[PDB]
Amino acid sequence: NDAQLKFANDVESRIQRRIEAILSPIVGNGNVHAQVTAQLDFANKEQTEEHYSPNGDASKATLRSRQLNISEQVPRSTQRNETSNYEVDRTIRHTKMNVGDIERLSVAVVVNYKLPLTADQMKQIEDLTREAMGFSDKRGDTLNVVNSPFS
Amino acid sequence: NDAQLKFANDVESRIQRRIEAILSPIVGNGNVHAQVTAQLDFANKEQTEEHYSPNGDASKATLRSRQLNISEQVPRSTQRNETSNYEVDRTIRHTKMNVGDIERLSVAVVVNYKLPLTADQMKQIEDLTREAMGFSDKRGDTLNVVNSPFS
Amino acid sequence: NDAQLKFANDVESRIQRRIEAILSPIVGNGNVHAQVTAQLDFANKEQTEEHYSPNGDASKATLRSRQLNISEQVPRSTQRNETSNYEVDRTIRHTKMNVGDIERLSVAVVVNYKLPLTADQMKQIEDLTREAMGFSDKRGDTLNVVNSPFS
Amino acid sequence: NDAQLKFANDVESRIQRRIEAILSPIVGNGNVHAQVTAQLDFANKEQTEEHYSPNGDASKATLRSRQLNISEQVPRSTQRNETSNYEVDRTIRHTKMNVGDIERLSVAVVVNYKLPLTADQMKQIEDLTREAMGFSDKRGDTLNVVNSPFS
Amino acid sequence: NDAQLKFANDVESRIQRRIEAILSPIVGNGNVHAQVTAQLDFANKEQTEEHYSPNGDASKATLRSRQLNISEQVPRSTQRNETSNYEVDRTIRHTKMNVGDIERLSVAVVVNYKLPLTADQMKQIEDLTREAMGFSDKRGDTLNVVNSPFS
């Protein structure tokens, strides 16, 4: 059960290699460092939807039977019994989610100096990293690229 | 059952290596120290939702049957029996949570002097660490970075 | 059953190493002493919630059946029988709490003199220790840092 | 069953070492003596709550069924039968308390003379000991620190 | 069954060592004598509470069913049947008390002369002993410290 720290370190080290491999051409072979933090989902999880389709509108219902009596006398004693058995469209998904999916990523990138990099030259580094992470805003991913001279 | 102190020390030592590895380029190889405290969740925990979908609106219900009598005499003796059997959309999740997830993190970082670091140079260290923790405010994570000369 | 004093001493000695390791850079290698007291929870404990969702509002109930008669004569003899069978959303958690969690921490820290430390230099030591404990105020944790010359 | 005096002496000797270890830096290596008395709980004890949630307010009840007849003639002969079957939220804890927890602590500390210690220098010794005990006022803990010359 | 005099002598000799060990620094190595008398409880004893929670107030009851008829004619012939089945919150403790707990302590302390000790110097000896006993007034503990020259 501590093989999930080994697994989560494989997920981080692959995202991290990908970020250094795509920035090493630009800034240089060793002028960039990235560290990735992944929150993974190791919870088992099943699910079973069972949608039905609304048949409240008669122009899209599917009757199997229908007994419609319509008495009427004329003092206007009316009447209108009406049974209706239906056939209903039914979807039934049944997922069994994957154990070990990324829930959220946090990436920190430091790029060396050349002398600071240009603000435009630094946006095209944020955007490259935003594709090497697989940056999704619906996961709540976070990226921080800073520019500062190494040692 | 004291293998949870070994496990919680693996979680802390990985977050701690990640914080030193991303700050060592900036401040220097040994001018930064981080100590991480993780409160983990070792409680077993199952769950089983069983949502249904509201069919109170007839424009989205799904009838299986419907016997609607509507007598009426005209002294206006009316009547309107109406059975209705429904089909209901039903989701059924069934999670089995993971034993050993981080509930809350506390990180303490001390960075050496260069001579204090600039207040801007110290924010870009708080923000880098905020990504090396996986800092989540909904977990109640806490970070403290202080700048003070070593020995 | 006295292996709980061995376990509670592992919990204390890890918090204590973490406090000395994060203050040794500042004050010096041996100018700080910390002693941690942990009240642990060794009670076995299960639980089983079983929440339901309120369906008192018809715009969010889920009917399975509904037999609604509405007689009426006009001396205005009215009537309105109305059975309603419901489908109810039901969560069912089932926790089995962990044996050996920290209920409350008490930490006492003594830091040597340099000559007293500055009141600001002593707050940034209380705050570092507040992160090396995992200080939670909802647990009722308590910390006391005093500054006084050693022997 | 006299292994509870051995156990209660381990609880006392650990609290006592912790108090001498945190005061030895201040007052000196052998100028402080502490003796701890612990009243432990060796009673076996189970428990089983079974809370329910109040559904007296209709805006938070969960009906399973509901047969509501409302006759009425107009000499205003009214009527209003109303069965209601409910679904109720139910928690069920089941603790099995730990055998050997501290119920109450009593600590007595004597610190040597330097020449009496200052009243402020003696409060910062009461407060350090109040953290080395794990002093809880809800347990009814008691501490007495006195200052008097040794022999 | 005379192993209870051996056990009660272990309880007394531990409280007695603790009182001499905390007063020997003050008065001297052999200027203090203490004798402890413990009344122990060797009665076996079980117990089983079974509390319920009052549901007399409708704003905190939990109904399972409720059939409420409310007839009424208007000569104002009223009526109001009302069955109500309840769900009740129920705790169930089950203690099995410990055989061999201290019911009451009696401690007698004689401290040598220096020349009588000061009335203040003798209160700080009563208070130290009051912590080395574990002095509880709800047990009916009794302490007597007298000052008189030895032989």
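We call the chains A, B, C, D and E, going by the order they appear; numbering starts again at 1 in every chain.
The rule is short, and it goes like this: a residue touches a chain if its C-beta (ideal position, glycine included) is under 8 Å from a C-beta of that chain, and two chains touch if they have at least 3 such contacts.
A.B. asks: Please strip out chain D, keep the others put, and tell me the connected groups that result.
C.D. replies: Take away chain D: A, B, C | E.
A.B. asks: Which neighbours do chain A and chain E have in common?
C.D. replies: Touching chain A and chain E alike: no chains returned.
A.B. asks: Within the chain touch network, how many edges lie on the shortest path between chain B and chain D?
C.D. replies: Between chain B and chain D, the shortest chain-hopping route counts 2.
A.B. asks: Rounded to the nearest 5 degrees, what is the angle of the rotation that puts chain C onto chain D, matching CA atoms?
C.D. replies: 10
A.B. asks: Per-chain C-alpha centres versus the global one: which chain is nearest?
C.D. replies: Given all protein C-alpha atoms shown, the central chain works out to be C.
A.B. asks: If you average the CA atoms of chain B and of chain E, how many Å lie between those two points?
C.D. replies: 43
A.B. asks: Provide the C-alpha centroid distance between chain A and chain C, rounded to the nearest whole angstrom.
C.D. replies: Each chain reduced to its C-alpha mean, chain A and chain C end up 29 Å apart.
A.B. asks: Express in whole angstrom the distance between the two chain centres, defined as the mean CA positions of chain A and chain B.
C.D. replies: Here chain A and chain B have centroids separated by 15 Å.
A.B. asks: Taking the top-of-page definition of touch, could you list the pairs of chains it picks out?
C.D. replies: The list of touching pairs comes to A-B, B-C, C-D, D-E.
A.B. asks: Under the touch definition given earlier, write down the residues of chain A that touch chain B in their complex.
C.D. replies: Touching chain B from chain A are residues 1-2, 4-5, 9, 33, 35, 37-39, 41-57, 75-86, 88, 90, 104, 106-108, 110, 112, 142-144, 146, 148, 150-151.
A.B. asks: Inside the complex, what are the residues of chain B that reach chain A?
C.D. replies: 6-7, 10-11, 14-15, 18, 21-22, 24-29, 58-74, 87-101, 121, 124, 127-128, 130-136
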